[PDB]
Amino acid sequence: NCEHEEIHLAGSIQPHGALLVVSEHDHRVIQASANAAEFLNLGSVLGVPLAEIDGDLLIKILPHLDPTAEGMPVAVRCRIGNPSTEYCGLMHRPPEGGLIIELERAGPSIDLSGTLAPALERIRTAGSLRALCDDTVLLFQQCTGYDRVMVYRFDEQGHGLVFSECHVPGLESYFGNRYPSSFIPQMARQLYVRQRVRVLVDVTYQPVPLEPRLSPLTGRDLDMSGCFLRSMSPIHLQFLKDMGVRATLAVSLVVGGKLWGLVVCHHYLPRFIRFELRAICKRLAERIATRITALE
C-alpha cells in the first residue's frame, strides 16, 4: 500500500453537515467546520460559548463531561439557529482536542416497518455463506435504496472479492470482480473496525476545511476517526469517480476483531442516510457477522 495516508487527519468535512469542537473546561467552540455558521443559521460560531449557540444543547452535553460516565457516542435532538431548525447532534470525544459535535439536519427518514421483516426472515434461513451474503445484499438494498449493493469479502490473501451483488436492472454487475489488497489499506481497515459506517453523499464534494486547522488544544491535526462527516481519501474518491459512482454507503463486517469484509453500496446520484438508519445498518451488519463467524 498505500499505508501512509493519515486518513483520520483529514482536516475537513463533507458539506452536508456541520462540525463543532467544544472545550471541556470552558464550553466554547474552539474549532468548527468553516460552513458551520451558514449551516446552522448563526452569525458566528468560533469562540462562542455553547450557551450562546444553544442553551438546551449545553444542558444535554454537561453530564457527558463526567469522566466516570461519559456515555458517548450519543445522538441528541436539538434545535439551533435563528430561524430555528431541528438537528441530530452526533457527539463523541476523541482522546484529545475537546468534544466533537457533528450536526445533520433532521429530515424525513426511510420507513422499514413493512419491508424489513421479510428481508430479515430470508437472512435467518440462510444455510451457507453464499446464501447469507446474497441475502445480505438484498436486505441492505431493500432498507437503503442504493442502486448497487455488494458484499466485498477479503480472501485468504487479503484480496478484495465482490462476493455478492445486487443492483437495479440495467446497471453494470461487479459480481466476481477481484481487487488487490492495497485497494483497501490496512490502516483504513483498522479504522473501519472502529468506525463501522461511512456515508459519502457526493463523490465530487468540495471539502469544508476546519477552522482553525490545528486544534488549539494540541497544536496538531484533529483526530477525526470518529467523525461521520470526515472527508475521505482523494485516492478513493478518484477511484469512485473513474467508475462513475456518485455516492456510497459502506458498513463494516467485523469478525475476530478484524475486517472480514464490507457491505458496499453505490448510487449514481447523491445520497444520504440519516442517523437512525446508519445505526440500524451497523447493527444488522454485526448480526450478520455473528453468523459468518459461525459459518467458518
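Start at 1 with the first residue shown and count on from there.
Enquirer: Which wins on mean Cα temperature factor, 35-43 or 250-258?
Expert: Averaged over C-alpha atoms, the B-factors run higher in 35-43.
Enquirer: Going by the mean C-alpha B-factor recorded in the entry, which is higher: 197-205 or 74-82?
Expert: According to the PDB entry, the answer is 74-82.
Enquirer: Looking at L217, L138, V162, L132, which one carries the largest C-alpha B-factor according to the PDB entry?
Expert: Highest C-alpha B-factor among the listed options: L217.
Enquirer: In this PDB entry, which of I61, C227, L237, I30 has the top CA B-factor?
Expert: Most elevated C-alpha B-factor of the set, per the entry: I61.
Enquirer: Is the Cα B-factor recorded for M232 in the lowest, middle or highest third of its chain?
Expert: For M232, the deposited C-alpha B-factor lands in the lowest third.
Enquirer: Ranking every modelled residue in this chain by its Cα temperature factor as given in the entry, which third contains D56?
Expert: Middle third - that is where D56 ends up once the chain's C-alpha B-factors are sorted.
Enquirer: Check where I292 lands among this chain's C-alpha B-factors and tell me if it's the lowest, middle or highest third.
Expert: Ranked within chain, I292 CA B lands in the highest tercile.
Enquirer: Is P185 in the lowest, middle or highest third of its chain when residues are ranked by C-alpha B-factor?
Expert: Its C-alpha B-factor belongs to the lowest third of this chain's values.
Enquirer: Quick check on the deposited entry: does the C-alpha B-factor of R122 sit in the lowest, middle or highest third of its chain?
Expert: Its C-alpha B-factor, which the entry lists for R122, ranks in the highest third among residues of this chain.
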